[PDB]
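Worksheet for the structure shown next.
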8 protein chains.
Amino acid sequence: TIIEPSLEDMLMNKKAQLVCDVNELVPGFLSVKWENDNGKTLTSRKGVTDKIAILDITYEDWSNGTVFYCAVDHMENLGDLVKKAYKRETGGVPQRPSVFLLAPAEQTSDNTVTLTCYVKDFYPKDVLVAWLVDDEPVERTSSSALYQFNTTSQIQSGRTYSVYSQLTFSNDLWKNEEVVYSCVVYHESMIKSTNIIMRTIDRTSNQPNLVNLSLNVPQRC
Amino acid sequence: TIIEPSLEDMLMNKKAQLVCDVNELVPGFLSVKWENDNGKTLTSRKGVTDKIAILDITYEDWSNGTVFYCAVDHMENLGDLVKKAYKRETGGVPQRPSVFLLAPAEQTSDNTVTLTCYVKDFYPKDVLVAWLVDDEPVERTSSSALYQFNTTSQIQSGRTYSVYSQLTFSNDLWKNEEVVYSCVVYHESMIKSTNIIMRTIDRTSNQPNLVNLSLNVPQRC
Amino acid sequence: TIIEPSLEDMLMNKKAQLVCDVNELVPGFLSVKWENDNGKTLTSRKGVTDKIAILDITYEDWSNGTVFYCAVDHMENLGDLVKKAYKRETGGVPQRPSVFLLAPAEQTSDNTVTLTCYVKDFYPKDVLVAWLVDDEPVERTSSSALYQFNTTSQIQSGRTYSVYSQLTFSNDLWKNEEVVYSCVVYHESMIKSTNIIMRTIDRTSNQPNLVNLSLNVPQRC
Amino acid sequence: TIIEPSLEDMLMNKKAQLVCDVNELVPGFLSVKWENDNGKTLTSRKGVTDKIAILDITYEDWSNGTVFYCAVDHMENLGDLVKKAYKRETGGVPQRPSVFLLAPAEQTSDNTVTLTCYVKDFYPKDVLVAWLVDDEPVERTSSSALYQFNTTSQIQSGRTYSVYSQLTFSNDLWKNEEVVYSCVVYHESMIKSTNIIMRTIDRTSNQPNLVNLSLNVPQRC
Amino acid sequence: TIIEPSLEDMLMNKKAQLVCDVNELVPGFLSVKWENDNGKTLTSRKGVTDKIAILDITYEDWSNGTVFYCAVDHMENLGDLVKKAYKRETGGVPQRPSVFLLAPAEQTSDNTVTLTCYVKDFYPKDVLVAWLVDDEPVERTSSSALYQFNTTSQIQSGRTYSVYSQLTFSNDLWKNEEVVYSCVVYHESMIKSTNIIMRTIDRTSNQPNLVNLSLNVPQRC
Amino acid sequence: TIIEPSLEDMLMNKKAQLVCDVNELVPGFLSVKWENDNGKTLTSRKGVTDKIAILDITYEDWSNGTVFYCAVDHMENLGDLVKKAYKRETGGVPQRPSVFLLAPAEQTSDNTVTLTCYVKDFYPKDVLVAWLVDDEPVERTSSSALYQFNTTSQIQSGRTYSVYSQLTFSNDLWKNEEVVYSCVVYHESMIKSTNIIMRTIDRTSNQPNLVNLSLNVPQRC
Amino acid sequence: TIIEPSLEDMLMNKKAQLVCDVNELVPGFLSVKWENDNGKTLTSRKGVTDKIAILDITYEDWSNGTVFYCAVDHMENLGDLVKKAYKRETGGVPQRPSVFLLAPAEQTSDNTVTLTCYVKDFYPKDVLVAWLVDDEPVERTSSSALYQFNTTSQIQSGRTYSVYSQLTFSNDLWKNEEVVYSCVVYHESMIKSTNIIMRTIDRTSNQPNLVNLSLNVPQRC
Amino acid sequence: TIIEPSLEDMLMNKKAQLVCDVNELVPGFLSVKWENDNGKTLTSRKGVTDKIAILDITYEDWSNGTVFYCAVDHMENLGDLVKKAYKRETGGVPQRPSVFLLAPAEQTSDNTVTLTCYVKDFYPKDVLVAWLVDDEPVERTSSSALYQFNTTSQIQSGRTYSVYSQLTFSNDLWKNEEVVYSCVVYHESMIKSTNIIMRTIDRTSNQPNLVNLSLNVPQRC
Ligand SMILES: *[C@@H]1O[C@H](CO)[C@@H](O[C@@H]2O[C@H](CO)[C@@H](O[C@@H]3O[C@H](CO)[C@@H](O)[C@H](O)[C@@H]3O)[C@H](O)[C@H]2NC(C)=O)[C@H](O)[C@H]1NC(C)=O
Ligand SMILES: *[C@@H]1O[C@H](CO)[C@@H](O[C@@H]2O[C@H](CO)[C@@H](O[C@@H]3O[C@H](CO)[C@@H](O)[C@H](O)[C@@H]3O)[C@H](O)[C@H]2NC(C)=O)[C@H](O)[C@H]1NC(C)=O
Ligand SMILES: *[C@@H]1O[C@H](CO)[C@@H](O[C@@H]2O[C@H](CO)[C@@H](O[C@@H]3O[C@H](CO)[C@@H](O)[C@H](O)[C@@H]3O)[C@H](O)[C@H]2NC(C)=O)[C@H](O)[C@H]1NC(C)=O
Ligand SMILES: *[C@@H]1O[C@H](CO)[C@@H](O[C@@H]2O[C@H](CO)[C@@H](O[C@@H]3O[C@H](CO)[C@@H](O)[C@H](O)[C@@H]3O)[C@H](O)[C@H]2NC(C)=O)[C@H](O)[C@H]1NC(C)=O
Ligand SMILES: *[C@@H]1O[C@H](CO)[C@@H](O[C@@H]2O[C@H](CO)[C@@H](O[C@@H]3O[C@H](CO)[C@@H](O)[C@H](O)[C@@H]3O)[C@H](O)[C@H]2NC(C)=O)[C@H](O)[C@H]1NC(C)=O
Ligand SMILES: *[C@@H]1O[C@H](CO)[C@@H](O[C@@H]2O[C@H](CO)[C@@H](O[C@@H]3O[C@H](CO)[C@@H](O)[C@H](O)[C@@H]3O)[C@H](O)[C@H]2NC(C)=O)[C@H](O)[C@H]1NC(C)=O
Ligand SMILES: *[C@@H]1O[C@H](CO)[C@@H](O[C@@H]2O[C@H](CO)[C@@H](O[C@@H]3O[C@H](CO)[C@@H](O)[C@H](O)[C@@H]3O)[C@H](O)[C@H]2NC(C)=O)[C@H](O)[C@H]1NC(C)=O
């Protein structure tokens, strides 16, 4: 049995859905159930399949740290109860991440270009990084067959966390057209206002004085 | 009797309040009323004073263009009815503004510095502009009124519009802060995602010059 | 009844014309009148229509703060008298604005560029901003199709005023790169010398420095 | 049970050791065993504890892709056999990775700086990265409480990989006259490529400059 | 008897005064007279001394080319009549000048600098050149004592004219300031919109790039 | 009767010719005469016409300040004597001028270009300015109509003077021939040394950028 | 017996002195003599010593190529006659040289700076090169002891010749004076106009864009 | 009798030959002889003709300053002995020479370009300079009229010396955007010192550049 954490972007609307899927498919299955910590009857809903239980959760409970239980009641497995739990690590006071958007270091001869948004020192583990091309998400922009965004794992030093996000596209488009790309960070520290943090960049508006020199001495004979 | 349009900032959360103030204070007053276009009985609420009527409106009605009526029913003015209306032009497809964040142009001497945020070609006439000093609203932060900001009036052309916004503060902070400022543009062209357009100027570092170098001396032909 | 302030540009010749238009057109009309503060018979002139009253005012009176009165004497409205007044505030000493010419705002998405001329703190409200293409006003050469200019309203911080003005044209003309533009500002604090202040821009300015090289010296041990 | 891949740095001497650890510690344990794919008796050695099996492997087998098997023979678990294996993904050919040193990310809030090393593409999933400070990787009187380094996970696209690694230290050391930092990358393609980043001060005029180098000079004493 | 042309700056207000001074002072004098071409009685007035005749002339007459006559009627010289004439060449249509601001000319030996404003190929011979420091005339400043300016004669190449004008001051103001000096050119052709043309110059305008760096990277083998 | 000062270029050979022309041509003429200050008989010569008197003068007399009187002795005018004088102001002590050669300010659009020569602070007040295209007088080369040039009049500030000289030609030549233009200033402040001061602009090459590199990988610990 | 060619600088005044000195001092001496090619009596003068014979020569004869004879008539050597000759190579039309002034190549800290003047392809072998500092000869300047100058030998390729002249002084003086230097070449092809060619140089005025970088790789152990 | 100094290039192998030629050819000749300072019998060899004496010398003697004597023993001249000597002044410490490559001298009139090599300070007054293109001697497969090289004499200020050398060729080859020209200098105080110059073009934007470098890299294979 596997559970999926509620989507962050939606909980930034004070609502979301916590689904619990069942993996014990080797034997038969009977029904899913969503219960409370005390075992009280917690109202729930049914998903596409009977092995999937959906539960609507508001920001109040999610932030407060309340723990819910998803259980499987197969006729053959009723001898035991796999009463999984949704435990959220709480405590501490949120720390605001420090976002840095780094320009690409690829040279002209290179084939593709990558933009990296790096965020450091935020305590709450859950975060989300998205990208915009000019002012529309890359996942929905018309030009979406040549952009590839990804996010790495979280590296923890002390009580805080840090991650690196990425977005890659062809060098020709980087050096041909003129648009502004933005890395958008969703984090809990910014719930009071905006609910979001952003950093923008474009080729023509960086103007870093530069000098490039390459020396090859073949030493050939 | 004067009405005030709902605050866009909170209407982006799909809810808001339309308050109705009464100006005919020269004679006495009896009661306020909030009705529909057809004159039906439209549920309302009461503000601090009896001359103030509050009405809760969702984004559905506001965007659809439904018109409400606020009326005054003074015992002496009952001969007539000042049944004001809230008319909000609806028009057609919106347009996404193109924001530009223009940097200061003053010199080392001037006592003050000014950041300009020009936002152009947004068809709907409802727009809001805020500023963030480092990551939090400039209105509330460590700055004890050290930061001031004001927005100009709107320009028209075609069926579009345009506007500027300015943030002013002493240049001592400008050259001894090492922070990142940002102009936030609340508009309804991006109601499908984020609901905000940002442009930022980063001062956390100052590496104006860069140099790259490579040197291969293959010692084997 | 609506009044129009005397043109500043004309008043930079120590002459102008204060026109008085009548808005109470729902009933009939009889005659216009231009009087003094004391109600004395102040000589006036007549415009195209009987509802338009022209009054010639010299710089002496306008600067001194003298107040004139325009009245309507309709046969039916003679019971009352809507004796309008023209009052220009004059409490202070002028201040010289610091004009700045900000960075160009290009957008290849629509192939258009806009240049912003910003006027900083100046006490007296009366100001006027015009544009020159090379050495003649933009409204002479090709304004009919290529160039469009506009100016916003004033924003008052303390006792002083600021205003933004813009000029917009195609980016293809931007690439001509053989045209210096210039914004000229008229204001009352320059009456002693030339009545204007000028600033200029050119397509080529504030551009970074880049040097790229590759060398292959084939040595021969 | 759990196995640990052979060290890449050691394997750059054409030898290494593959250790096999046992995790089924809930019941007792009897002996470890290291066998071949066919089950033949493969000579092995014993480590500090009986639950640890060490096997010496040369570069020939490791590169060829030969698979070895580690088995546990507990007196109670003899009913079954957990004959784990060591499967290495081998295909195509090594791809020369390009490594970039990204711009530093200063943060005056806590007075720290971070340098990033980004290895773009490399087919085989095995890679190692180390940081040098004037040729002083770690424990060389500097890496005690001054410099910290970590490495992220692998992000895969198509049939290639990439990774980031970071080095963090206080900005006080970042303001020294000149210090040489390097990011050596040991990859199974015998790369051993060192990329240098330095902070230099212009001599004729004093201005901060950031220099990047890539000496490939194969000069050896 | 010598005549003085009307001031151009005043005539940019459509008014001026043509003075007639008498030089035949060796014998006595009786009275001055200002007449028309036909000898008709042309009204005039008198100045400080009886030998000075003032005549008010408007813009129309001056541009049209009308010629006035100044005569002396000494009791002894009445035998003849020295009927002076004011002839102003009219010719064809005007031309505009192309104003240029040439390079500065410094002298460390004498510790002084000089700025030149060159006007090129304007047809009408009447032109005036004035200087501004920041936005006010040089002749009226706290530093006006240490500012010297002058204009040369007119060199006629073909049908057009050219003349040079300069401004000289010490080298310390030049090095240690951020003032923008401007040369203003009044001329008849540029009369419809504004009466003047302007240019600007600043110490830090055209400079060369310079990069000077040194490096020492102790590798090891 | 009018006199012409001796040419400076020839007096830089310590010899010259002082010609005396006669203007009283309304009546007849008899003979010219060249005398001394004391009226003594000063030997002279005869020019093309009897009304022209030539007198050979060396540098000694010219510099010393000696005067000479040219007189007309017409049979009818013998009643009086128009005994003109050649008075050359002398005093002070020569001051060597400073020469500045100012490059053209024009751009690639206009079809004419101009070079400027600014000579300043020459006390004797006797200068001559010439131009050389390629070490050849502009007036004796293979393109005379293709080059035009005139100098302005002196402007005096204290006891010194200053002048401007201009050389004008088409913009096509300025981009093609790649020659070395120079401005030659004849003055008496340096008779002891070379009698001229030159300033040159060289256009025989165009290497706007120059890079210097040096490597050293000592192979000795 | 040794002869010295007449000075050129003075031959540019159409006069000079050809002196012949006697070296046969081992025996006694009687008298010097200056004769013609035909042996005719050529008038001469006597110098400081009886062994030195001076002969005044004009530029007409010197250019024509006439050969003179200087002879020694010692009482003991009268048996023979050492009738030396002054033969000038006059075999073609003069060719004007092309002079190039080269800026110093010293970078910094070199303690010395050199200025080179290279003359190219002049036919007549006789030429002189001199140097001027702020337009005053180096020999008779206040800072004469701070400057050194020298001229190399002549290298003949075909029918023409070429030379290199040099001027060396301290680097600090080069970087802390802001003066203008100039190399002046005296040659015969320029007798028509100014008798000389001249090139000028200045540190600040001549400053193309440049980049200077060095890289030591101390291979320490 | 004339002698020829030993070749420096050969002496860079610690051996050479000192040839002694005889000029007293007017009378007969008998035999040559090579002796020591003391007159002792110093072994020698015979060249093509009897009048030429060859003597093999190692670096030891040549550097030490030993002086040899060459004598002629003609049957008629035996009355005297013209015992020539080979004395090389060598009393001082060697100092490294500094080599500069001055700016090219382009003469488009003749379509030629000359490069200059300048050796600034070498104490031993024996030096050799060679030019090479593409790492090939100018006299190797490049000795045709395509290239021409020469060297000037030596100029000494005090204890040191300096020289100039030139290489001339048509500028058609100079327009080839990539060729390497080098100076190699042999001198006692060193062994070899190369200095290359190239004529490249900026890759991103066309802008010719002139590069100059001195790769001291041992690079010995
Ligand atoms: C580099 O990054 C890795 C990955 O974040 C760091 O290892 C991780 O360290 C954290 C703790 O800082 C581990 O989380 C938890 O640690 C506590 C320690 O008491 C433990 O009780 C929890 O059960 C949990 O393990 C995390 O699991 C661990 N991850 C891995 C893959 O090792 C590492 O410390 C970082 N090193 C440096 C020098 O920054
Ligand atoms: C410069 O900006 C000003 C302010 O936007 C422009 O004036 C405005 O021009 C628009 C053009 O459509 C006017 O729209 C009109 O609105 C009234 C509202 O009652 C409507 O009845 C008309 O049919 C029309 O839609 C707007 O009123 C007007 N506002 C003001 C204060 O004048 C001005 O036109 C701009 N300059 C240029 C050159 O366009
Ligand atoms: C931002 O700009 C706006 C527009 O200029 C400022 O609003 C203006 O503020 C001034 C100063 O308080 C107001 O002047 C007042 O005018 C009334 C008469 O209308 C007079 O009775 C008062 O004594 C005072 O002089 C002006 O009316 C007001 N205009 C508008 C349209 O609101 C605003 O204060 C600026 N600063 C901000 C918003 O922080
Ligand atoms: C962003 O980076 C992550 C790094 O994990 C990428 O996820 C990984 O993508 C690779 C390549 O598709 C997956 O490899 C696959 O592994 C399975 C066995 O686990 C194998 O059966 C497949 O044939 C293939 O080799 C890898 O599993 C997958 N890992 C995870 C945790 O998802 C992700 O695809 C990257 N996304 C973008 C947009 O670049
Ligand atoms: C700008 O340049 C003009 C032209 O040189 C200057 O005017 C000239 O100034 C000089 C020196 O004061 C005058 O010389 C003297 O004039 C008086 C009066 O005629 C005479 O008695 C003296 O013997 C001597 O010649 C010169 O005449 C005068 N010329 C003109 C046409 O005014 C002018 O002063 C310069 N501007 C400034 C601010 O100095
Ligand atoms: C490099 O420069 C040297 C400069 O000396 C050139 O050597 C000189 O070449 C000229 C060629 O005409 C020689 O002229 C000859 O002079 C003798 C009398 O000495 C005369 O009898 C001949 O008829 C002819 O005029 C000159 O003597 C000679 N000088 C020396 C010292 O060698 C050399 O040729 C130049 N080489 C190149 C490749 O440019
Ligand atoms: C310019 O360069 C020339 C050539 O190097 C310099 O001429 C040289 O000057 C030195 C003296 O400073 C002479 O050295 C002396 O030579 C005599 C024998 O001739 C010897 O007895 C002395 O003890 C001393 O060594 C050297 O001969 C001479 N070389 C030539 C070729 O003339 C000249 O000094 C430099 N400076 C100037 C201003 O010309």
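Labels below follow one simple rule: chain letters A, B, ... track the order of the sequence lines, proteins then strands, and each chain is numbered from 1. We count ligands from 1, going down the list as the structure has it; atoms in each ligand are counted the same way. All heavy atoms count here, side chains included; hydrogens, waters and symmetry mates do not.
- Note that atom 11 (C) of ligand 5 has protein non-hydrogen atoms nearby, at separations under 4.0 angstrom.
- Distance check: B:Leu115 CG to B:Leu102 CG gives 9.5 Å after rounding to the nearest 0.5 Å.
- Annotation: C:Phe169 is in aromatic contact with C:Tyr181 [ring centroid separation under 6.0 Å].
- Distance from atom 38 (C) of ligand 2 to its nearest protein heavy atom, with residue and atom name: C:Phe149 O, 4.0 Å.
- Between B:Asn150 and ligand 3, at least one pair of N/O atoms sits closer than 3.5 Å.
- Note that atom 30 (C) of ligand 5 has no protein non-hydrogen atoms nearby, at separations under 4.0 angstrom.
- Put simply, atom 19 (O) of ligand 3 has no protein non-hydrogen atoms near it, under 4.0 Å away.
- Considering CZ of F:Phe100 and OG1 of F:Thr116, their distance stands at 13.5 Å, rounded to 0.5 Å.
- Checking E:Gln166 against F:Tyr164 by side-chain atom types alone, a donor-acceptor pair falls below 3.5 Å.
- Using a 4.0 Å cut-off between charged nitrogen and carboxylate oxygen, F:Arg96 and F:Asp121 do not count as a salt-bridge pair.
- Of the protein's heavy atoms, none falls inside 4.0 Å of atom 24 (C) of ligand 2.
- Distance screen at 4.0 Å: atom 27 (O) of ligand 3 has no protein heavy-atom neighbour inside the cut-off.
- Numbered from 1 in the order shown, with element, the atoms of ligand 3 that lie under 4.0 Å from a heavy atom of C:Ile155 read 2 (O), 5 (O).
- Counting protein heavy atoms under 4.0 angstrom from atom 16 (O) of ligand 2 gives zero.
- Across every non-hydrogen atom of B:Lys125 and B:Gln154, the tightest pair is O-NE2, 2.8 Å.
- A donor-acceptor pair under 3.5 Å is formed between the side chain of E:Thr141 and the backbone N or O of E:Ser143.
- Distance screen at 4.0 Å: atom 1 (C) of ligand 5 has a protein heavy-atom neighbour inside the cut-off.
- There is a protein heavy atom less than 4.0 angstrom from atom 33 (C) of ligand 5.
- Protein heavy atoms are found less than 4.0 angstrom from atom 4 (C) of ligand 2.
- Across all their heavy atoms, B:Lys120 and C:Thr112 have their closest contact at NZ-CG2, 4.3 Å.
- When the heavy atoms of E:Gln166, F:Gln156, F:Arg159 are ranked by distance to atom 6 (C) of ligand 5, first place goes to F:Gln156.
- At a heavy-atom cutoff of 4.0 Å, ligand 2 is contacted by the backbone of B:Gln154 but not by its side chain.
- Note on B:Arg88 versus B:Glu188: salt bridge recorded, some NZ/NE/NH1/NH2 to OD/OE distance being below 4.0 Å.
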